[PDB]
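Each step along the sequence shown adds one to the number in the deposited numbering, with nothing skipped, and position 28 is 28.
Heads up, the beta-carbon is just placed ideally off N, CA and C, and yes, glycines get one too.
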Amino acid sequence: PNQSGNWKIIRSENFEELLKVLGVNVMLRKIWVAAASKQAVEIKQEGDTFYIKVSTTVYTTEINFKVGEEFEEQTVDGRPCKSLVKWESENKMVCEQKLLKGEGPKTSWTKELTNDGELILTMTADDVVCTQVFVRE
Ligand SMILES: *C/C=C(C)/C=C/C=C(C)/C=C/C1=C(C)CCCC1(C)C
C-alpha cells in the first residue's frame, strides 16, 4: 500500500525535544520548529525503492533508498550517516542509522501509511521520539 504522493504536515510532536538531545543551538531550534509546521514532503515509491524530498525555507533534503540495502544520508542535525531500512510490518518501515564519523545519540526513523490515509513519521534520538503526521495535499 503505496506512500507515493505530496504530503502536508498537520502535527509535529517533540521535535524541539529531539533537537535538544541532538545538541542543536536554541536559536536554531526555534527557526527549525517554526519551519517544521510549513514543510512540504514529496514521496515516489516503486515497490521497495523510495525517493523522498523534504522541503522548507531553511532546510531541504533528498533521500534515495531501496528497502534492505545500505545507503548514505544525514542525521536530523546534518551529520552524514550509514542507513538501512527494513519493513517492520506491512505498512511501516524502520531505519537504523550509524554515524560515518564520531559519536552521538543513537538515531533512527520510522515511516508508516495508516489505514485512514495519514503518513506518520517518527524520528528518535536516544530516549526522545518525535512524531510528525501528514495528510495528502
Ligand atoms: C522518511 C522520511 C524522512 C526520513 C524525513 C526526514 C525529515 C527530516 C530529517 C526533516 C528535517 C527538518 C529539519 C532538519 C529542520 C526543518 C524542519 C524539518 C522537519 C523539515
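### Query
Any heavy atom of ligand 1 closer than 7 Å to the Cβ of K111?
yes
### Query
Does the pairing of the region 15-24 with the region 124-131 give three or more beta-carbon distances under 8 Å?
yes
### Task
Please confirm whether any heavy atom of ligand 1 lies closer than 7 Å to the CB of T56.
yes
#### Entry: Selected residue, minimal CA-CA separation from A34, among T114, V58, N6
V58
### Message
Pull the bridge partners of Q132 from the DSSP assignment, please.
### Response
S12, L121
### Task
Mind checking which residues open and close the beta strand (DSSP E) that includes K66?
60-66
### Message
So, under 8 Å CB-CB, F134 and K53 are touching, yes? Tell me the CB distance rounded to an integer number of Å.
### Response
At roughly 13 Å, the Cβ-Cβ gap does not stay under 8 Å, so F134 and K53 are not in contact.
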